[PDB]
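Everything below concerns the one structure shown next.
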Amino acid sequence: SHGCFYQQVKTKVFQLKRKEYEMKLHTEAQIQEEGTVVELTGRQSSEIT
Amino acid sequence: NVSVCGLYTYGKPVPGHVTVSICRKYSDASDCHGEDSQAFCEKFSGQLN
Amino acid sequence: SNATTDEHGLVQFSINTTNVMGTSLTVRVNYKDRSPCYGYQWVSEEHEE
Ligand SMILES: *[C@@H]1O[C@H](CO)[C@@H](O[C@@H]2O[C@H](CO)[C@@H](O[C@@H]3O[C@H](CO)[C@@H](O)[C@H](O)[C@@H]3O)[C@H](O)[C@H]2NC(C)=O)[C@H](O)[C@H]1NC(C)=O
């Protein structure tokens, strides 16, 4: 609850390589004392640079 | 299981560290493209017994 | 005549003038390669010029 949850993930294990292909992003936001967990696909469409 | 051991006379189990690295690099890579060749990579590491 | 980036990426430059009407210019940090080995080049990489 302090400030927020944050996260800091590394692109190495993802192998940010040329024929390492596009990525997609989708978050499992689980709720306490309700259990009706939500999932969201936001920012998902990666950007083939 | 992938057993690896470097023994100076083959009868002397030495200490140290070792890392077995394995990578789907390509079928018939030309490598004039200059991009990195590794398709997959699954690195495992372990200190010697 | 080489130069380098200012604070804002930018660069300003005069260029000498005794030539015919048409002039076409370009600048790099890399160098030009028109060097593909095979016409498929699923392998590919680019840097903006
Ligand atoms: C390319 O840049 C140079 C400057 O680095 C320009 O040179 C300039 O040219 C004019 C016309 O020739 C010069 O004026 C006169 O030049 C004669 C040369 O014999 C001199 O005897 C005169 O006293 C007078 O200086 C001018 O001096 C010169 N630039 C300088 C250093 O003052 C050149 O014009 C540029 N390219 C072109 C042709 O657009």
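Residues are referred to by chain and number: the chain letter is A, B, ... according to the order shown in the structure tokens, the number counts from 1 in that chain, and ligands are numbered separately from 1 in the order shown.
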Subject >> Neighbour list for residue B:26 as a ChimeraX atom specification, cut-off 7 Å, only C-alpha atoms, skip fewer than 4 positions in-chain >> reply: /B:37-39
Those residues with N, CA, C and O atoms, as a PDB file, in the first residue's frame please?
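Once written, selection02.pdb looks like this:
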```pdb
ATOM      1  N   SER B  37      23.516 -14.750 -33.326  1.00  0.00           N
ATOM      2  CA  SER B  37      23.059 -16.000 -33.929  1.00  0.00           C
ATOM      3  C   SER B  37      22.172 -16.827 -32.996  1.00  0.00           C
ATOM      4  O   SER B  37      21.372 -17.641 -33.473  1.00  0.00           O
ATOM      5  N   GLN B  38      22.308 -16.663 -31.682  1.00  0.00           N
ATOM      6  CA  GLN B  38      21.604 -17.521 -30.725  1.00  0.00           C
ATOM      7  C   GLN B  38      20.086 -17.345 -30.834  1.00  0.00           C
ATOM      8  O   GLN B  38      19.567 -16.248 -30.609  1.00  0.00           O
ATOM      9  N   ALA B  39      19.370 -18.429 -31.160  1.00  0.00           N
ATOM     10  CA  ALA B  39      17.904 -18.442 -31.098  1.00  0.00           C
ATOM     11  C   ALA B  39      17.417 -18.555 -29.655  1.00  0.00           C
ATOM     12  O   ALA B  39      16.771 -17.639 -29.135  1.00  0.00           O
TER      13      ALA B  39
END
```
**OP:** Report as a PyMOL selection string the set of chain A residues whose atoms approach chain B to within 10 Å, with distances computed over only C-alpha atoms.
**Re:** chain A and resi 13+15+17-21
Residues as selected, N, CA, C and O atoms, written as a PDB file, in the first residue's frame, can you do that?
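Contents of the output file result09.pdb:
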```
ATOM      1  N   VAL A  13      17.164 -11.980 -19.669  1.00  0.00           N
ATOM      2  CA  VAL A  13      16.488 -13.276 -19.694  1.00  0.00           C
ATOM      3  C   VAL A  13      15.451 -13.318 -20.806  1.00  0.00           C
ATOM      4  O   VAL A  13      15.155 -14.387 -21.353  1.00  0.00           O
ATOM      5  N   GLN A  15      16.096 -12.081 -23.602  1.00  0.00           N
ATOM      6  CA  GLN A  15      16.923 -12.281 -24.781  1.00  0.00           C
ATOM      7  C   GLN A  15      16.481 -11.340 -25.872  1.00  0.00           C
ATOM      8  O   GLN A  15      15.862 -11.761 -26.850  1.00  0.00           O
ATOM      9  N   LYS A  17      16.807 -10.240 -28.606  1.00  0.00           N
ATOM     10  CA  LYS A  17      17.597 -10.499 -29.790  1.00  0.00           C
ATOM     11  C   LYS A  17      16.752 -10.344 -31.039  1.00  0.00           C
ATOM     12  O   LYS A  17      15.523 -10.259 -31.007  1.00  0.00           O
ATOM     13  N   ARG A  18      17.460 -10.327 -32.156  1.00  0.00           N
ATOM     14  CA  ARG A  18      16.870 -10.007 -33.441  1.00  0.00           C
ATOM     15  C   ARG A  18      15.830 -11.046 -33.825  1.00  0.00           C
ATOM     16  O   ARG A  18      14.665 -10.715 -34.071  1.00  0.00           O
ATOM     17  N   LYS A  19      16.236 -12.310 -33.876  1.00  0.00           N
ATOM     18  CA  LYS A  19      15.291 -13.423 -33.941  1.00  0.00           C
ATOM     19  C   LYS A  19      15.037 -13.976 -32.540  1.00  0.00           C
ATOM     20  O   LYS A  19      15.090 -15.173 -32.263  1.00  0.00           O
ATOM     21  N   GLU A  20      14.766 -13.044 -31.642  1.00  0.00           N
ATOM     22  CA  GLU A  20      13.922 -13.279 -30.489  1.00  0.00           C
ATOM     23  C   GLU A  20      12.721 -12.375 -30.679  1.00  0.00           C
ATOM     24  O   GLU A  20      12.867 -11.151 -30.760  1.00  0.00           O
ATOM     25  N   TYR A  21      11.548 -12.975 -30.747  1.00  0.00           N
ATOM     26  CA  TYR A  21      10.398 -12.375 -31.400  1.00  0.00           C
ATOM     27  C   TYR A  21       9.596 -11.502 -30.438  1.00  0.00           C
ATOM     28  O   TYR A  21       9.938 -11.351 -29.263  1.00  0.00           O
TER      29      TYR A  21
END
```
**OP:** Work out how far apart atom 32 (O, counted along the ligand's line) of ligand 1 and atom CA of residue C:11 are and give it in Å to one decimal.
**Re:** 23.1 Å
**OP:** Step by step, measure atom-to-atom distances between ligand 1 and each residue using only C-alpha atoms and all ligand atoms, keep those at most 12 Å, then write them as JSON, numbers by chain.
**Re:** {"C": [14, 15, 16, 17, 18, 19, 20]}
Could you write out that same residue set with C-alpha atoms as a CSV table (one decimal), in the first residue's frame?
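Once everything was written out, this is part00.csv:
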```
chain,number,residue,atom,x,y,z
C,14,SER,CA,28.0,25.3,-43.8
C,15,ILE,CA,29.3,23.4,-46.9
C,16,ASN,CA,31.4,24.8,-49.7
C,17,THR,CA,29.7,25.8,-52.9
C,18,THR,CA,31.1,25.5,-56.5
C,19,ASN,CA,29.1,22.7,-58.1
C,20,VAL,CA,26.1,22.1,-60.4
```
Original post:
What gap, in Å, lies between atom CA of residue C:41 and atom CA of residue B:33?
Top reply: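 Computed distance, atom CA of residue C:41 to atom CA of residue B:33, equals 8.1 Å.
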**OP:** Find the residues around residue A:42 up to 10 Å (only C-alpha atoms counted), leave out those fewer than 3 positions away in its own chain, and share them as a ChimeraX atom specification.
**Re:** /A:24-27,39,45
Output C-alpha atoms for every residue in that selection, as a CSV table (one decimal), in the first residue's frame.
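Output file selection16.csv follows:
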```csv
chain,number,residue,atom,x,y,z
A,24,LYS,CA,3.1,-9.4,-25.1
A,25,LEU,CA,2.1,-8.2,-21.7
A,26,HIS,CA,-0.8,-9.3,-19.5
A,27,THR,CA,-1.2,-8.9,-15.8
A,39,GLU,CA,-6.7,-10.0,-15.7
A,45,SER,CA,1.1,-4.9,-28.3
```
Original post:
Got a sec to tell me which of chain B DSSP assigns to strand (DSSP E or B), as a list in words?
Top reply: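 The strand (DSSP E or B) residues within chain B come out as residues 17, 18, 19, 20, 44, 45, 46 and 47 of chain B.
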Subject >> Atom pair atom CA of residue B:46 / atom CA of residue B:17: separation (Å) >> reply: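 Atom-to-atom, atom CA of residue B:46 to atom CA of residue B:17, that is 6.1 Å.
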Counting only C-alpha atoms, collect the residues of chain C whose closest atom lies at most 12 Å from chain B, and write them out as a short mmCIF file (atom, residue, chain, number, x, y, z; two decimals) with N, CA, C and O atoms, in the first residue's frame.
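Saved the output as result-v9.cif:
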```cif
data_model
loop_
_atom_site.label_atom_id
_atom_site.label_comp_id
_atom_site.auth_asym_id
_atom_site.auth_seq_id
_atom_site.Cartn_x
_atom_site.Cartn_y
_atom_site.Cartn_z
N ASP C 33 26.50 0.41 -45.88
CA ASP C 33 26.63 -0.94 -46.39
C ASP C 33 25.43 -1.26 -47.26
O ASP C 33 24.28 -1.13 -46.83
N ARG C 34 25.71 -1.68 -48.49
CA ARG C 34 24.71 -2.21 -49.40
C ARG C 34 25.10 -3.66 -49.64
O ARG C 34 25.14 -4.13 -50.78
N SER C 35 25.39 -4.37 -48.55
CA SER C 35 26.06 -5.66 -48.58
C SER C 35 25.15 -6.76 -48.02
O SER C 35 25.39 -7.28 -46.92
N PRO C 36 24.10 -7.13 -48.75
CA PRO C 36 23.39 -8.37 -48.43
C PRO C 36 23.97 -9.54 -49.20
O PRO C 36 24.38 -9.43 -50.36
N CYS C 37 24.00 -10.69 -48.53
CA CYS C 37 24.58 -11.88 -49.14
C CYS C 37 23.56 -12.62 -50.00
O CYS C 37 23.92 -13.18 -51.04
N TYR C 38 22.29 -12.62 -49.59
CA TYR C 38 21.26 -13.37 -50.30
C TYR C 38 19.94 -12.63 -50.24
O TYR C 38 19.54 -12.13 -49.19
N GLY C 39 19.22 -12.62 -51.37
CA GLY C 39 18.06 -11.77 -51.56
C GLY C 39 16.91 -12.01 -50.60
O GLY C 39 15.98 -11.18 -50.57
N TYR C 40 16.92 -13.10 -49.83
CA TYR C 40 15.85 -13.30 -48.86
C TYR C 40 16.00 -12.34 -47.70
O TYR C 40 15.10 -11.54 -47.43
N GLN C 41 17.17 -12.36 -47.05
CA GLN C 41 17.48 -11.61 -45.84
C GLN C 41 16.31 -11.53 -44.87
O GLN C 41 15.89 -10.44 -44.48
N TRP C 42 15.74 -12.68 -44.51
CA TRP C 42 14.94 -12.69 -43.30
C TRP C 42 15.76 -12.15 -42.13
O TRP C 42 15.26 -11.37 -41.32
N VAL C 43 17.02 -12.57 -42.04
CA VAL C 43 18.00 -11.88 -41.22
C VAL C 43 18.05 -10.45 -41.74
O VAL C 43 18.17 -10.23 -42.95
N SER C 44 17.91 -9.47 -40.86
CA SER C 44 17.96 -8.09 -41.29
C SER C 44 18.25 -7.17 -40.11
O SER C 44 17.86 -7.44 -38.97
N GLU C 45 18.93 -6.07 -40.42
CA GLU C 45 19.17 -5.03 -39.43
C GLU C 45 19.38 -3.72 -40.17
O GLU C 45 19.78 -3.70 -41.34
N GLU C 46 19.08 -2.63 -39.47
CA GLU C 46 19.09 -1.31 -40.07
C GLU C 46 19.47 -0.28 -39.03
O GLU C 46 19.17 -0.43 -37.84
#
```
**OP:** Write out as a VMD selection string the residues lying within 12 Å of residue C:48, counting only C-alpha atoms and excluding same-chain residues fewer than 5 positions away.
**Re:** (chain A and resid 49) or (chain C and resid 26 to 32)
Would you mind exporting the chosen residues as a PDB file, in the first residue's frame, restricted to C-alpha atoms?
```pdb
ATOM      1  CA  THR A  49      11.829  -1.589 -33.596  1.00  0.00           C
TER       2      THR A  49
ATOM      3  CA  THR C  26      23.842  12.673 -45.877  1.00  0.00           C
ATOM      4  CA  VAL C  27      25.690  12.168 -42.591  1.00  0.00           C
ATOM      5  CA  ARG C  28      26.562   9.110 -40.499  1.00  0.00           C
ATOM      6  CA  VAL C  29      28.227   7.747 -37.395  1.00  0.00           C
ATOM      7  CA  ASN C  30      28.081   4.301 -38.947  1.00  0.00           C
ATOM      8  CA  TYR C  31      28.999   3.779 -42.615  1.00  0.00           C
ATOM      9  CA  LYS C  32      27.004   2.761 -45.647  1.00  0.00           C
TER      10      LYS C  32
END
```
